[PDB]
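Here's the structure, in structure tokens; my notes come after.
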Amino acid sequence: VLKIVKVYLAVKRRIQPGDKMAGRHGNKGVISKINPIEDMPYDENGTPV
Amino acid sequence: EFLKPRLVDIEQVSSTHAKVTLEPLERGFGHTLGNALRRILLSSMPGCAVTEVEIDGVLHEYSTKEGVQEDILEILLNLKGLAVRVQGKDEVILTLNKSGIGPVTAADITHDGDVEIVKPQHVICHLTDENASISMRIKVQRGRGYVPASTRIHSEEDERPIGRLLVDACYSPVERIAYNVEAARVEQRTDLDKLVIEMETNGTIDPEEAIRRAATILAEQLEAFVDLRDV
């Protein structure tokens, strides 16, 4: 082998429907839908979950 | 034989926090208008935000400058939060130039007429070297909603300059909206209600203009409904 050239690509992957998320206690799940902020439930103060 | 709501006093507790009142609301329309307005405000308010950045000595988002401690990526993350008010033009080019040791805050932006920097104390970076100097040019656009880089990548349109750093655009000034309908004792009536909409924003949109535009959009859709072709 005369010589070698290595190239590193970096890619920013954002979360999207179908990815797997979990908690620390063994609860799992697949992200099914991304809802708009307005649709999500909100307490009296107005903060959405 | 009806009543009709009149826009009344608009108290301003802080620069960001605001209460808007509507006194003479008929029974039953309290919740309807409250919710309709909440939806329109949270969804459709137009705002301006930074779309891309060019810094001099940096090839790509992942490199690092001498004499700064934040990474370039964190610098973009700080710029994403920058709250700015543009008046006339759609795309403005702001210039930030600072040297010497100190925290580069938002106040140091070159002061243009048409652009208002709402929170001048907002920090951007920290220099750590006497001869370290940062210069940058931030391009700010107007838009609605939320547009990420990756979708706009389809329309690259000669992104050829490797110095370009794309930022996700959150084109929306309103952070939070809540409303309360409470009994509005009108001097000659038994059961009337007043709506109080308290809204928290980043301090760019004024309450009156927000409410007016929201009512405009809803009225426009209702106009679309009034006529029915049946043809």
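Every chain in the structure tokens has a letter given in the order shown (A, B, ...), and although residue numbers restart at 1 in each chain, ligands are simply numbered from 1 in the order shown.
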message = With 7 Å as the limit and counting only C-alpha atoms, what residues in chain A lie close to chain B? Please list them as a PyMOL selection string.
response = chain A and resi 38+45-47
Using the selection just defined, write its residues with C-alpha atoms as a PDB file, in the first residue's frame.
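Saved file out00.pdb follows:
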ATOM      1  CA  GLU A  38     -51.423  24.888  20.308  1.00  0.00           C
ATOM      2  CA  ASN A  45     -51.233  29.318  33.443  1.00  0.00           C
ATOM      3  CA  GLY A  46     -50.892  28.545  29.728  1.00  0.00           C
ATOM      4  CA  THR A  47     -47.785  26.353  29.744  1.00  0.00           C
TER       5      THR A  47
END
message = When you look at residue 197 in chain B with a cut-off of 10 Å (counting only C-alpha atoms), what residues show up, excluding the ones that are within fewer than 3 positions of it in the same chain? I need them as JSON, numbers by chain.
response = {"B": [10, 18, 19, 20, 21, 22, 34, 37, 38, 177, 178, 179, 180, 181, 194, 207, 211]}
ask   = By how many Å are CA of residue 167 in chain B and CA of residue 142 in chain B apart?
value = 13.9 Å
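Using only C-alpha atoms for every distance, the candidate list B:56, B:83, B:119, B:68 yields B:56 as the residue closest to residue 97 in chain B.
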inquiry  = Please compute the CA of residue 16 in chain B-CA of residue 202 in chain B distance, one decimal, in Å.
reply    = 5.8 Å
key: Proximity to residue 82 in chain B - best of B:147, B:170, B:215, B:101, only C-alpha atoms   = B:170
Tell me which protein, DNA and RNA residues are within 9 Å of range 3-16 of chain A, counting only C-alpha atoms, leaving out same-chain ones fewer than 2 positions away, and put them as a tab-separated table (two decimals) with N, CA and C atoms, in the first residue's frame.
chain	number	residue	atom	x	y	z
A	1	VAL	N	0.86	-1.17	0.00
A	1	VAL	CA	0.00	0.00	0.00
A	1	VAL	C	0.90	1.22	0.00
A	18	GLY	N	-40.73	8.01	14.27
A	18	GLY	CA	-40.19	6.68	14.07
A	18	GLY	C	-38.98	6.38	14.92
A	19	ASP	N	-38.33	7.40	15.47
A	19	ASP	CA	-37.19	7.20	16.34
A	19	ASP	C	-37.65	6.63	17.68
A	31	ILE	N	-41.64	7.57	18.65
A	31	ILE	CA	-42.28	8.88	18.50
A	31	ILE	C	-43.24	8.84	17.33
A	32	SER	N	-44.53	9.00	17.61
A	32	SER	CA	-45.53	8.74	16.59
A	32	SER	C	-45.94	9.98	15.81
A	33	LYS	N	-46.03	11.13	16.46
A	33	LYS	CA	-46.49	12.33	15.77
A	33	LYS	C	-45.93	13.56	16.47
A	34	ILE	N	-45.63	14.59	15.70
A	34	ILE	CA	-45.19	15.87	16.24
A	34	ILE	C	-46.37	16.84	16.19
B	62	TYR	N	-18.11	23.54	13.02
B	62	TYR	CA	-17.53	22.67	14.03
B	62	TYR	C	-16.12	23.08	14.43
Find the spatial neighbours of residue 66 in chain B, counting only C-alpha atoms, within a cut-off of 10 Å - ignore same-chain residues fewer than 3 positions away - and output them as a compact mmCIF listing (two decimals) with C-alpha atoms, in the first residue's frame.
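Writing the result to selection-v7.txt gives the following:
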# COMPACT_ATOMS: atom_id res chain seq x y z
CA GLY B 57 -11.77 32.80 10.41
CA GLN B 69 -14.24 29.56 24.78
CA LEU B 127 -13.34 36.79 24.42
CA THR B 128 -10.33 35.71 26.45
CA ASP B 129 -7.32 37.29 24.70
CA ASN B 131 -5.45 40.52 20.55
CA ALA B 132 -8.42 38.26 19.84
CA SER B 133 -10.93 39.98 17.55
CA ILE B 134 -14.29 38.80 16.23
